[PDB]
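Take a look at this single chain in structure tokens; it is the form deposited in one PDB entry.
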């Protein structure tokens, strides 16, 4: 009644887009450490129960396509959908290998009006960057926005540690709030959660 329904066959798909290397025309540096971030995210979100797939050094057209196809799959037997973006990024925009893609554009494939099979289900985007309305049920968690080369992103280690420890007994906003705290206190900038959720989200039934 007050939780998103989790009585589904699978938890859902998790697309991790991992961008380490960038083109000539972009002029942005190798993000040393994401292979430690993405690998940790893979275990976290896998241990949660997501069908995780990692995609490396994506173009904008590829990210767009990758997400468009994802949105076009059938999610009837899924509880939710997760996308994780590791890249560079200016305000309101993310980076492929071959330029810039707006984050609005990636998410738009999943709005209530374009992906009937995810309607009334959580759509979760995690971004770290160096009768029903169409915007309901999205959540964004940004990190801002700094990456360590040997340990990873302050944000990723906290999110992963907390998820391994409390992924099954804490609501999504609790988990994220404790991530906000650990990033501010232990490692100076803070993450940001944007929530259009309409129920509590637990990763268990």
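Positions refer to the first chain, counted from 1.
There is another form of the same protein, the form deposited with a partner chain bound; it is not shown, and what comes next is about it.
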Which residue, 56, 32, 59, 47, has a heavy atom that falls within 4.5 Å of the partner chain in the deposited complex?
32
With the partner left out of view, is residue 96 within 4.5 angstroms of the partner chain in the deposited complex by any non-hydrogen atom?
no
Do residue 36 and the partner chain come within 4.5 Å of each other in the deposited complex, heavy atoms counted?
no
Using a 4.5 Å heavy atom cut-off, state whether residue 75 contacts the partner chain in the deposited complex.
no
Do residue 122 and the partner chain share at least one heavy atom pair within 4.5 Å in the deposited complex?
no
